[PDB]
$ cat start37.cif   # mmCIF, C-alpha atoms
data_coords
#
loop_
_atom_site.label_atom_id
_atom_site.label_comp_id
_atom_site.auth_asym_id
_atom_site.auth_seq_id
_atom_site.Cartn_x
_atom_site.Cartn_y
_atom_site.Cartn_z
CA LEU F 850 -12.48 37.03 0.89
CA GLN F 851 -8.98 37.75 2.33
CA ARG F 852 -10.23 41.34 3.06
CA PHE F 853 -13.27 40.50 5.30
CA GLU F 854 -12.97 40.32 9.12
CA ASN F 855 -14.52 36.79 9.71
CA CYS F 856 -13.03 35.11 6.61
CA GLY F 857 -9.44 36.15 5.96
CA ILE F 858 -7.83 33.98 8.67
CA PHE F 859 -9.31 30.85 6.98
CA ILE F 860 -7.95 31.83 3.53
CA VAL F 861 -4.54 32.56 5.15
CA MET F 862 -4.70 29.10 6.83
CA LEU F 863 -5.91 27.35 3.63
CA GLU F 864 -2.89 28.71 1.70
CA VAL F 865 -0.43 27.63 4.47
CA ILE F 866 -1.68 23.99 4.53
CA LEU F 867 -1.92 23.92 0.69
CA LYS F 868 1.65 25.34 0.13
CA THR F 869 2.98 22.77 2.65
CA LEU F 870 1.20 19.84 0.90
CA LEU F 871 2.32 21.10 -2.56
CA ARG F 872 5.96 21.01 -1.27
CA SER F 873 5.49 17.61 0.40
CA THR F 874 4.07 16.10 -2.83
CA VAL F 875 7.46 16.20 -4.67
CA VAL F 876 8.60 13.48 -2.20
CA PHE F 877 5.44 11.39 -1.91
CA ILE F 878 4.70 11.16 -5.66
CA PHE F 879 7.43 8.45 -5.58
CA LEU F 880 5.72 6.73 -2.61
CA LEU F 881 2.56 6.38 -4.79
CA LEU F 882 4.56 5.50 -7.97
CA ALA F 883 6.02 2.54 -5.98
CA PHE F 884 2.58 1.10 -5.08
CA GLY F 885 1.10 2.16 -8.47
CA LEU F 886 3.67 0.34 -10.67
CA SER F 887 3.58 -2.66 -8.22
CA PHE F 888 -0.25 -3.13 -8.11
CA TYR F 889 -0.03 -2.81 -11.94
CA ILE F 890 1.90 -6.16 -11.87
CA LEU F 891 -0.03 -8.00 -9.16
CA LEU F 892 -3.61 -6.88 -10.01
CA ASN F 893 -3.22 -6.49 -13.84
CA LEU F 894 -6.19 -8.81 -14.63
CA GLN F 895 -8.67 -6.36 -12.94
CA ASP F 896 -10.28 -3.32 -14.69
CA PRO F 897 -9.01 -0.61 -12.18
CA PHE F 898 -5.35 -1.60 -12.70
CA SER F 899 -5.55 -2.23 -16.53
CA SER F 900 -2.87 0.40 -17.41
CA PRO F 901 0.06 2.02 -15.55
CA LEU F 902 -1.66 5.47 -15.39
CA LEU F 903 -5.05 4.00 -14.28
CA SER F 904 -3.14 2.06 -11.60
CA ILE F 905 -1.62 5.36 -10.30
CA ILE F 906 -5.03 7.22 -10.25
CA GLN F 907 -6.47 4.19 -8.37
CA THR F 908 -3.58 4.09 -5.82
CA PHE F 909 -4.14 7.84 -5.28
CA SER F 910 -7.89 7.21 -4.66
CA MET F 911 -7.00 4.47 -2.05
CA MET F 912 -4.97 7.10 -0.04
CA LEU F 913 -8.12 8.26 1.86
CA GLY F 914 -8.46 4.64 3.22
CA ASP F 915 -11.04 3.23 0.71
CA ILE F 916 -8.81 0.26 -0.31
CA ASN F 917 -11.61 -1.71 -2.16
CA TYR F 918 -10.43 -4.82 -0.20
CA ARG F 919 -13.28 -7.32 -0.70
CA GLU F 920 -13.78 -6.31 -4.32
CA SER F 921 -10.05 -6.55 -5.36
CA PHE F 922 -8.15 -8.99 -3.07
CA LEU F 923 -10.57 -11.31 -1.18
CA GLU F 924 -13.14 -12.12 -3.87
CA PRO F 925 -10.45 -12.69 -6.60
CA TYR F 926 -8.53 -14.94 -4.11
CA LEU F 927 -11.61 -17.11 -3.38
CA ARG F 928 -12.25 -17.36 -7.20
CA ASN F 929 -8.54 -18.35 -7.74
CA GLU F 930 -7.95 -15.27 -9.98
CA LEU F 931 -5.02 -13.52 -8.15
CA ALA F 932 -1.82 -14.40 -10.09
CA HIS F 933 0.36 -13.79 -6.96
CA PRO F 934 -1.98 -14.12 -3.92
CA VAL F 935 0.61 -14.15 -1.04
CA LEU F 936 2.60 -11.25 -2.55
CA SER F 937 -0.62 -9.32 -3.33
CA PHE F 938 -1.86 -9.56 0.30
CA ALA F 939 1.63 -8.49 1.53
CA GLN F 940 1.57 -5.38 -0.71
CA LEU F 941 -1.99 -4.65 0.63
CA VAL F 942 -0.88 -4.62 4.32
CA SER F 943 2.22 -2.62 3.22
CA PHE F 944 0.13 -0.05 1.27
CA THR F 945 -2.30 0.32 4.21
CA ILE F 946 0.60 0.90 6.66
CA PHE F 947 2.63 3.38 4.52
CA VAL F 948 -0.19 5.39 2.83
CA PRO F 949 -3.61 5.51 4.72
CA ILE F 950 -1.94 5.30 8.20
CA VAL F 951 1.59 6.81 7.94
CA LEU F 952 1.37 9.35 5.03
CA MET F 953 -2.12 10.64 5.96
CA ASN F 954 -1.16 11.12 9.64
CA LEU F 955 2.02 12.93 8.51
CA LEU F 956 -0.25 15.42 6.63
CA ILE F 957 -2.59 15.80 9.66
CA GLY F 958 0.49 16.34 11.90
CA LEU F 959 1.85 19.02 9.52
CA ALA F 960 -1.56 20.76 9.32
CA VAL F 961 -2.05 20.70 13.13
CA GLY F 962 1.33 22.46 13.55
CA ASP F 963 0.97 25.05 10.77
CA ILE F 964 -2.56 26.13 11.86
CA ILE Z 735 10.57 1.48 -18.91
CA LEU Z 736 10.63 -2.36 -18.93
CA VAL Z 737 7.41 -2.38 -16.78
CA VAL Z 738 5.35 0.09 -18.86
CA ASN Z 739 6.38 -1.34 -22.32
CA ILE Z 740 5.71 -5.08 -21.65
CA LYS Z 741 2.37 -6.54 -20.44
CA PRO Z 742 2.77 -7.95 -16.88
CA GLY Z 743 3.06 -11.76 -16.83
CA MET Z 744 4.37 -12.17 -20.44
CA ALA Z 745 7.89 -13.65 -20.59
CA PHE Z 746 10.49 -11.48 -22.44
CA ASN Z 747 14.00 -11.89 -24.00
CA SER Z 748 16.42 -9.47 -25.80
CA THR Z 749 14.33 -10.23 -28.96
CA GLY Z 750 11.28 -8.65 -27.17
CA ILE Z 751 8.23 -10.57 -25.81
CA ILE Z 752 8.29 -14.42 -26.01
CA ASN Z 753 5.21 -14.93 -28.26
CA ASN Z 766 10.31 -2.66 -29.02
CA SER Z 767 13.27 -5.16 -29.03
CA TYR Z 768 16.01 -2.42 -29.09
CA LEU Z 769 14.39 -0.57 -26.11
CA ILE Z 770 13.81 -3.92 -24.29
CA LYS Z 771 17.42 -5.13 -25.00
CA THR Z 772 19.16 -1.87 -23.98
CA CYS Z 773 17.01 -1.46 -20.81
CA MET Z 774 17.79 -5.09 -19.81
CA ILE Z 775 21.54 -4.56 -20.44
CA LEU Z 776 21.32 -1.41 -18.23
CA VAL Z 777 19.35 -3.16 -15.39
CA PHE Z 778 21.86 -6.05 -15.49
CA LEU Z 779 25.01 -3.81 -15.51
CA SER Z 780 23.59 -1.59 -12.75
CA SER Z 781 22.68 -4.68 -10.63
CA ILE Z 782 26.23 -6.17 -10.91
CA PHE Z 783 27.72 -2.68 -10.20
CA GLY Z 784 25.29 -2.62 -7.23
CA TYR Z 785 26.61 -6.03 -6.02
CA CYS Z 786 30.15 -4.49 -6.21
CA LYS Z 787 29.16 -1.32 -4.19
CA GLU Z 788 27.70 -3.80 -1.69
CA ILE Z 803 17.32 -0.11 6.51
CA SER Z 804 19.22 1.07 3.34
CA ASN Z 805 21.78 -1.80 3.36
CA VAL Z 806 18.93 -4.41 3.30
CA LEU Z 807 16.92 -2.64 0.54
CA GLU Z 808 19.92 -2.90 -1.85
CA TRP Z 809 20.18 -6.69 -1.19
CA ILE Z 810 16.51 -7.06 -2.20
CA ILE Z 811 16.85 -4.72 -5.22
CA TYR Z 812 19.99 -6.00 -6.99
CA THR Z 813 19.20 -9.71 -6.40
CA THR Z 814 15.54 -9.37 -7.48
CA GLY Z 815 16.33 -7.05 -10.41
CA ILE Z 816 18.77 -9.72 -11.74
CA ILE Z 817 15.95 -12.36 -11.77
CA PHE Z 818 13.59 -10.02 -13.78
CA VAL Z 819 16.36 -9.82 -16.45
CA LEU Z 820 17.97 -13.35 -16.39
CA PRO Z 821 16.23 -13.99 -19.81
CA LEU Z 822 18.97 -11.67 -21.22
CA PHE Z 823 21.14 -14.87 -20.93
CA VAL Z 824 19.07 -17.70 -19.28
CA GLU Z 825 15.51 -18.93 -20.08
CA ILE Z 826 13.36 -18.66 -16.89
CA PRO Z 827 9.59 -19.03 -16.09
CA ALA Z 828 7.24 -16.15 -16.98
CA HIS Z 829 5.60 -16.15 -13.51
CA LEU Z 830 9.00 -16.01 -11.68
CA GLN Z 831 10.25 -13.21 -13.95
CA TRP Z 832 7.25 -10.99 -13.07
CA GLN Z 833 7.17 -12.05 -9.40
CA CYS Z 834 10.63 -10.45 -9.17
CA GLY Z 835 9.48 -7.59 -11.45
CA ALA Z 836 6.78 -6.69 -8.87
CA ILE Z 837 9.20 -6.83 -5.87
CA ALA Z 838 12.10 -5.02 -7.61
CA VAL Z 839 10.04 -2.12 -9.02
CA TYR Z 840 8.42 -1.48 -5.64
CA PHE Z 841 11.66 -1.40 -3.60
CA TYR Z 842 13.52 0.60 -6.32
CA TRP Z 843 11.14 3.55 -5.60
CA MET Z 844 10.86 3.09 -1.81
CA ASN Z 845 14.70 3.19 -1.75
CA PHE Z 846 14.64 6.27 -4.09
CA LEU Z 847 13.23 8.31 -1.13
CA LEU Z 848 16.54 7.77 0.76
CA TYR Z 849 18.21 9.88 -1.99
CA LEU Z 850 15.75 12.75 -1.23
CA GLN Z 851 17.18 13.10 2.34
CA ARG Z 852 19.93 15.29 0.76
CA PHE Z 853 17.88 17.98 -1.08
CA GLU Z 854 16.79 21.22 0.64
CA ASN Z 855 13.07 21.09 -0.32
CA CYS Z 856 12.62 17.43 0.69
CA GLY Z 857 14.74 16.00 3.51
CA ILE Z 858 12.49 17.40 6.29
CA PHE Z 859 9.66 15.13 5.01
CA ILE Z 860 11.83 11.96 4.81
CA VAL Z 861 13.10 12.67 8.36
CA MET Z 862 9.44 13.06 9.49
CA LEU Z 863 8.31 9.95 7.55
CA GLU Z 864 10.94 7.86 9.40
CA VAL Z 865 9.92 9.27 12.84
CA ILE Z 866 6.20 8.44 12.35
CA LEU Z 867 7.02 5.03 10.77
CA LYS Z 868 9.50 3.97 13.55
CA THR Z 869 6.94 5.07 16.19
CA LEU Z 870 4.13 3.07 14.52
CA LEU Z 871 6.32 -0.07 14.09
CA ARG Z 872 7.08 -0.01 17.87
CA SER Z 873 3.38 0.25 18.74
CA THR Z 874 2.46 -2.71 16.45
CA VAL Z 875 4.12 -5.12 18.95
CA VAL Z 876 1.27 -4.12 21.33
CA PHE Z 877 -1.64 -3.63 18.93
CA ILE Z 878 -1.17 -6.79 16.82
CA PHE Z 879 -2.85 -8.52 19.84
CA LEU Z 880 -5.70 -5.95 19.79
CA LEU Z 881 -6.45 -7.05 16.17
CA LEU Z 882 -5.87 -10.78 16.99
CA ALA Z 883 -8.64 -10.47 19.66
CA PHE Z 884 -11.23 -9.18 17.15
CA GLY Z 885 -9.85 -11.42 14.34
CA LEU Z 886 -10.17 -14.74 16.21
CA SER Z 887 -13.58 -13.55 17.58
CA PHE Z 888 -15.25 -12.44 14.29
CA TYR Z 889 -13.90 -15.80 13.01
CA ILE Z 890 -16.40 -17.47 15.45
CA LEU Z 891 -19.35 -15.10 15.07
CA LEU Z 892 -19.21 -14.45 11.28
CA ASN Z 893 -17.75 -17.85 10.15
CA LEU Z 894 -20.54 -18.49 7.59
CA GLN Z 895 -19.48 -15.42 5.48
CA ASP Z 896 -16.70 -15.53 2.79
CA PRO Z 897 -14.45 -12.75 4.35
CA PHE Z 898 -14.20 -14.56 7.71
CA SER Z 899 -13.91 -18.17 6.31
CA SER Z 900 -10.44 -18.82 7.83
CA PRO Z 901 -8.51 -17.46 10.86
CA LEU Z 902 -5.89 -15.65 8.69
CA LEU Z 903 -8.54 -14.18 6.31
CA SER Z 904 -10.40 -12.94 9.41
CA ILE Z 905 -7.21 -11.12 10.60
CA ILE Z 906 -6.54 -9.51 7.13
CA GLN Z 907 -10.24 -8.42 7.22
CA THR Z 908 -10.16 -6.71 10.70
CA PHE Z 909 -6.93 -5.00 9.61
CA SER Z 910 -8.82 -3.64 6.56
CA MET Z 911 -11.73 -2.51 8.89
CA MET Z 912 -9.19 -0.43 10.96
CA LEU Z 913 -9.57 2.61 8.61
CA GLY Z 914 -13.35 2.66 9.49
CA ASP Z 915 -14.76 0.67 6.49
CA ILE Z 916 -16.63 -1.85 8.71
CA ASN Z 917 -18.79 -3.34 5.85
CA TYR Z 918 -21.78 -2.97 8.27
CA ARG Z 919 -24.77 -3.46 5.93
CA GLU Z 920 -23.01 -6.21 3.97
CA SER Z 921 -21.91 -8.35 7.03
CA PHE Z 922 -24.21 -7.57 10.04
CA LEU Z 923 -27.55 -5.99 9.00
CA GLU Z 924 -28.37 -7.93 5.82
CA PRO Z 925 -27.40 -11.34 7.40
CA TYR Z 926 -29.52 -10.44 10.49
CA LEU Z 927 -32.64 -9.63 8.41
CA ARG Z 928 -32.10 -12.95 6.48
CA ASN Z 929 -31.71 -14.86 9.83
CA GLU Z 930 -28.11 -15.93 8.94
CA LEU Z 931 -26.15 -14.56 11.95
CA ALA Z 932 -25.53 -17.54 14.29
CA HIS Z 933 -25.18 -15.19 17.34
CA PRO Z 934 -26.91 -11.89 16.37
CA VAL Z 935 -26.90 -10.08 19.79
CA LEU Z 936 -23.27 -11.03 20.51
CA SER Z 937 -22.24 -10.13 16.92
CA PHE Z 938 -23.73 -6.60 17.16
CA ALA Z 939 -22.04 -6.15 20.60
CA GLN Z 940 -18.63 -7.13 19.12
CA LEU Z 941 -19.31 -4.64 16.25
CA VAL Z 942 -19.89 -1.62 18.55
CA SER Z 943 -16.86 -2.85 20.59
CA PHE Z 944 -14.61 -3.11 17.47
CA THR Z 945 -15.74 0.34 16.26
CA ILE Z 946 -14.93 1.90 19.68
CA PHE Z 947 -11.51 0.22 20.27
CA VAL Z 948 -10.09 0.22 16.69
CA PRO Z 949 -11.45 2.96 14.26
CA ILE Z 950 -12.03 5.49 17.10
CA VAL Z 951 -9.53 4.74 19.93
CA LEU Z 952 -6.54 3.05 18.18
CA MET Z 953 -6.60 5.30 15.07
CA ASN Z 954 -6.76 8.47 17.24
CA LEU Z 955 -3.84 7.14 19.34
CA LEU Z 956 -1.78 6.99 16.08
CA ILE Z 957 -2.89 10.53 15.04
CA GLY Z 958 -1.94 11.77 18.56
CA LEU Z 959 1.51 10.12 18.29
CA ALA Z 960 2.05 11.58 14.79
CA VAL Z 961 0.89 15.09 15.80
CA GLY Z 962 3.34 15.11 18.74
CA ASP Z 963 6.36 13.61 16.97
CA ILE Z 964 6.11 15.89 13.87
#
$ encode --input "start37.cif" --output "structure tokens"
Amino acid sequence: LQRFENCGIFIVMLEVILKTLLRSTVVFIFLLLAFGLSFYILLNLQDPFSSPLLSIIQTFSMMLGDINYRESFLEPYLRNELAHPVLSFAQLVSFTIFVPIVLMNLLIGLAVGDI
Amino acid sequence: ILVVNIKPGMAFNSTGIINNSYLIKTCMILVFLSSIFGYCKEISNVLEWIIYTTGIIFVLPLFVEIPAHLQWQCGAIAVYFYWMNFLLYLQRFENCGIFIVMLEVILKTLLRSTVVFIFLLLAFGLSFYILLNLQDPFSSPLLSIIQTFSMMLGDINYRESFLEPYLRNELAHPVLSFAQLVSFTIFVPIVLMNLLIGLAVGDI
């Protein structure tokens, strides 16, 4: 579709935003490895965080702002099942600041420029 | 290595788990040596004073018997800051440093604006604490604030906390509760989140 006169600008733009993200990702893999290996300590008793690689695929799926808050922090806290409740809620506000707010707006800001 | 090879919360010594010993022993000796070398070489200056002090506690059972819960409490803190502080080493590579310079600009701009908008979330937090008090998520004034903070990304929990309680006749103030819900959705997920996208788009 790069050779049709309504389409090709969108495939040229798709490749610009994709090549920029695929450069950016070498940096921000370590930003998600930080929260992934840390929620693997604090939330270990819960199915989504059962293993270090499942913990990373879950932290990646929280990046779009679907944190699973009630299901994974609040309800375990009211059952007395969080092993580190204060430190778990601190890492939740920290994750929400650095990843869904900061990192996602940095990718919107990059895309707005490059388009 | 010492995180992925030992189950979180189990106490461990040079002999392995208190219940891989060569891997466990050598990786502890390395974390200890590199933390005391770190104390010699001593926001970057603050991150090191979290990392080397906390990384010592995770490994004190190399020499000193210490509680399982305290060992992993420091394991969680140390492992997190070790990787956040690993980004500061990417400032000096030609593919990367542009993104760490941009990450700091958007983060410093956000952390200035929070002085203002902490009171915007305290308004809705102390107010949903009145109107929704009978529901588990809003049971306490601090739980109510951690809950409106989690609603900020646009996951309002609408059916679960307004509609279903209303159809059961369990909202204590239904009209005023639905007004505060449209108000929250306007000021926070729409207005405040777009103000942070607008700031980020400019400053990048």
$ resolve_selection --input "start37.cif" --expression "the PyMOL selection byres ((chain Z) within 7 of (chain F))" --output "tab-separated table (two decimals) with C-alpha atoms, keeping the file's coordinate frame"
chain	number	residue	atom	x	y	z
Z	738	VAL	CA	5.35	0.09	-18.86
Z	742	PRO	CA	2.77	-7.95	-16.88
Z	836	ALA	CA	6.78	-6.69	-8.87
Z	839	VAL	CA	10.04	-2.12	-9.02
Z	840	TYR	CA	8.42	-1.48	-5.64
Z	843	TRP	CA	11.14	3.55	-5.60
Z	844	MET	CA	10.86	3.09	-1.81
Z	856	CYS	CA	12.62	17.43	0.69
Z	859	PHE	CA	9.66	15.13	5.01
Z	866	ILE	CA	6.20	8.44	12.35
Z	867	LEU	CA	7.02	5.03	10.77
Z	897	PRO	CA	-14.45	-12.75	4.35
Z	913	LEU	CA	-9.57	2.61	8.61
Z	957	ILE	CA	-2.89	10.53	15.04
Z	960	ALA	CA	2.05	11.58	14.79
Z	961	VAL	CA	0.89	15.09	15.80
Z	964	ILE	CA	6.11	15.89	13.87
$ residues_around --input "start37.cif" --residues "residue Z:880" --least-positions-apart "6" --cutoff "12 Å" --atoms "all atoms listed in the file" --output "PyMOL selection string"
chain Z and resi 873-874+886-887+905+908-909+912+943-944+947-949+951-952
$ residues_around --input "start37.cif" --residues "stretch 921-928 of chain Z" --least-positions-apart "4" --cutoff "12 Å" --atoms "all atoms listed in the file" --output "PyMOL selection string"
(chain F and resi 919) or (chain Z and resi 888+891-898+907+911+915-917+932-942)
$ atom_distance --input "start37.cif" --atom1 "atom CA of residue Z:902" --atom2 "atom CA of residue Z:889"
9.1 Å
$ atom_distance --input "start37.cif" --atom1 "atom CA of residue Z:837" --atom2 "atom CA of residue F:935"
12.3 Å
$ build_atoms --input "start37.cif" --residues "stretch 925-944 of chain F" --atoms "N, CA, C and O atoms" --output "mmCIF file, in the frame of the given file"
data_model
loop_
_atom_site.group_PDB
_atom_site.id
_atom_site.type_symbol
_atom_site.label_atom_id
_atom_site.label_comp_id
_atom_site.auth_asym_id
_atom_site.auth_seq_id
_atom_site.Cartn_x
_atom_site.Cartn_y
_atom_site.Cartn_z
ATOM 1 N N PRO F 925 -11.383 -12.059 -5.677
ATOM 2 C CA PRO F 925 -10.450 -12.690 -6.600
ATOM 3 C C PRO F 925 -9.646 -13.863 -6.026
ATOM 4 O O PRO F 925 -9.397 -14.825 -6.741
ATOM 5 N N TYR F 926 -9.247 -13.831 -4.755
ATOM 6 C CA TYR F 926 -8.530 -14.940 -4.110
ATOM 7 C C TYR F 926 -9.418 -16.180 -3.959
ATOM 8 O O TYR F 926 -9.004 -17.293 -4.282
ATOM 9 N N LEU F 927 -10.669 -16.006 -3.547
ATOM 10 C CA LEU F 927 -11.610 -17.110 -3.380
ATOM 11 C C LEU F 927 -12.107 -17.669 -4.727
ATOM 12 O O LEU F 927 -12.511 -18.831 -4.787
ATOM 13 N N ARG F 928 -12.043 -16.893 -5.816
ATOM 14 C CA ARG F 928 -12.250 -17.360 -7.200
ATOM 15 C C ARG F 928 -11.009 -17.977 -7.864
ATOM 16 O O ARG F 928 -11.125 -18.488 -8.976
ATOM 17 N N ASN F 929 -9.851 -17.945 -7.207
ATOM 18 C CA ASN F 929 -8.540 -18.350 -7.740
ATOM 19 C C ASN F 929 -8.087 -17.539 -8.962
ATOM 20 O O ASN F 929 -7.564 -18.087 -9.930
ATOM 21 N N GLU F 930 -8.285 -16.223 -8.918
ATOM 22 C CA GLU F 930 -7.950 -15.270 -9.980
ATOM 23 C C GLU F 930 -6.762 -14.337 -9.670
ATOM 24 O O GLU F 930 -6.258 -13.697 -10.588
ATOM 25 N N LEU F 931 -6.287 -14.223 -8.425
ATOM 26 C CA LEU F 931 -5.020 -13.520 -8.150
ATOM 27 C C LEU F 931 -3.854 -14.333 -8.719
ATOM 28 O O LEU F 931 -3.726 -15.513 -8.404
ATOM 29 N N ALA F 932 -2.986 -13.721 -9.523
ATOM 30 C CA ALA F 932 -1.820 -14.400 -10.090
ATOM 31 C C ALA F 932 -0.676 -14.609 -9.073
ATOM 32 O O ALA F 932 0.141 -15.516 -9.225
ATOM 33 N N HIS F 933 -0.645 -13.795 -8.017
ATOM 34 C CA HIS F 933 0.360 -13.790 -6.960
ATOM 35 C C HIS F 933 -0.289 -13.545 -5.588
ATOM 36 O O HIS F 933 -0.059 -12.504 -4.980
ATOM 37 N N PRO F 934 -1.146 -14.438 -5.074
ATOM 38 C CA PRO F 934 -1.980 -14.120 -3.920
ATOM 39 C C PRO F 934 -1.193 -13.729 -2.669
ATOM 40 O O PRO F 934 -1.463 -12.675 -2.107
ATOM 41 N N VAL F 935 -0.177 -14.483 -2.253
ATOM 42 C CA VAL F 935 0.610 -14.150 -1.040
ATOM 43 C C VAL F 935 1.275 -12.774 -1.152
ATOM 44 O O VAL F 935 1.222 -11.964 -0.229
ATOM 45 N N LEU F 936 1.883 -12.490 -2.298
ATOM 46 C CA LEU F 936 2.600 -11.250 -2.550
ATOM 47 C C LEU F 936 1.653 -10.048 -2.699
ATOM 48 O O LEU F 936 1.982 -8.932 -2.315
ATOM 49 N N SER F 937 0.453 -10.288 -3.213
ATOM 50 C CA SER F 937 -0.620 -9.320 -3.330
ATOM 51 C C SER F 937 -1.167 -8.901 -1.967
ATOM 52 O O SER F 937 -1.266 -7.709 -1.689
ATOM 53 N N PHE F 938 -1.441 -9.853 -1.069
ATOM 54 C CA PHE F 938 -1.860 -9.560 0.300
ATOM 55 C C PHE F 938 -0.752 -8.901 1.133
ATOM 56 O O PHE F 938 -1.062 -8.081 1.993
ATOM 57 N N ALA F 939 0.524 -9.185 0.881
ATOM 58 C CA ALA F 939 1.630 -8.490 1.530
ATOM 59 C C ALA F 939 1.717 -7.023 1.103
ATOM 60 O O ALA F 939 1.924 -6.138 1.936
ATOM 61 N N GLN F 940 1.537 -6.736 -0.185
ATOM 62 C CA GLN F 940 1.570 -5.380 -0.710
ATOM 63 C C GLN F 940 0.335 -4.570 -0.283
ATOM 64 O O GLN F 940 0.394 -3.350 -0.203
ATOM 65 N N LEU F 941 -0.765 -5.237 0.075
ATOM 66 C CA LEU F 941 -1.990 -4.650 0.630
ATOM 67 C C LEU F 941 -1.810 -4.196 2.084
ATOM 68 O O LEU F 941 -2.146 -3.059 2.411
ATOM 69 N N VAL F 942 -1.250 -5.037 2.959
ATOM 70 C CA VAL F 942 -0.880 -4.620 4.320
ATOM 71 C C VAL F 942 0.193 -3.531 4.299
ATOM 72 O O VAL F 942 0.044 -2.521 4.984
ATOM 73 N N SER F 943 1.200 -3.654 3.431
ATOM 74 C CA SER F 943 2.220 -2.620 3.220
ATOM 75 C C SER F 943 1.620 -1.303 2.753
ATOM 76 O O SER F 943 1.879 -0.280 3.376
ATOM 77 N N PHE F 944 0.770 -1.282 1.722
ATOM 78 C CA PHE F 944 0.130 -0.050 1.270
ATOM 79 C C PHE F 944 -0.653 0.617 2.390
ATOM 80 O O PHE F 944 -0.545 1.818 2.591
#
